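Colleague: Experimental coordinates follow, after the sequence.
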Amino acid sequence: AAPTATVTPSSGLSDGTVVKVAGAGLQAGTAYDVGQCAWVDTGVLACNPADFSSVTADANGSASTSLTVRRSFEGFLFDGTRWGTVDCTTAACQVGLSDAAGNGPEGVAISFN
Ligand SMILES: COc1cc(C)c2ccc(O)c(C(=O)O[C@H]3[C@H](O)C=C[C@@H]3O)c2c1
């Protein structure tokens, strides 16, 4: 019941744009791994190398974590293989945290409003 973890701005397509990501109704007192994950390869769900940033939302599911949106970088497929891309300007990169359950409910496709 909220926008969850989302970057302040919208045009995430900014040379490693540093902003704050507020997570409303997110990990209600829980914690996860914040990062921009998305299909990097041919529909292959690959996370960025900077998508590794522990996160924790207050009991009020308030995960106000700040990080940089490094659209450019070496992506890695979730399957097990690594891609790279270098520039995640093609596939919308979703900035969010991952659950320890094996799901990707959180993640805002940042890049362009
Ligand atoms: C699908 O979208 C995202 C979004 C964010 C923020 C993500 C943040 C970190 C990630 O490592 C992933 C990811 O690996 O997605 C997999 C994972 O095993 C759980 C469900 C998916 O199958 C991810 C996927």
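Modeller: Done, it's in. Numbers count the residues shown, from 1 in each chain.

Colleague: Quick check: closest non-adjacent residue to the residue with the largest distance to the centre of the chain.
Modeller: Distance from the C-alpha centroid of the chain peaks at residue 59, with 20.9 Å (Cα atoms, centre = their mean). Excluding its sequence neighbours, the residue lying closest to residue 59 (Cβ to Cβ, 6 or more residues apart in numbering) is residue 29, at 4.1 Å. In short, each C-beta sits where N, CA and C put it, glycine included.

Colleague: Next, that neighbour: secondary structure please.
Modeller: coil (DSSP: H, G, I helix; E, B strand; the rest coil).

Colleague: For it, grab the count of nearby residues.
Modeller: Neighbour count for residue 29, taken as other Cβ atoms under 10 Å: 13.

Colleague: wait, isn't it in contact with residue 23?
Modeller: No - using Cβ atoms under 8 Å, residue 29 makes no contact with residue 23, being 11.6 Å away.

Colleague: Between those two, which contacts overlap?
Modeller: 57, 61 (Cβ atoms under 8 Å, 6 or more residues apart in numbering).

Colleague: isn't residue 52 right up against residue 35?
Modeller: Yes - proximity of residue 52 to residue 35 meets the contact threshold set by Cβ under 8 Å, at 5.6 Å.
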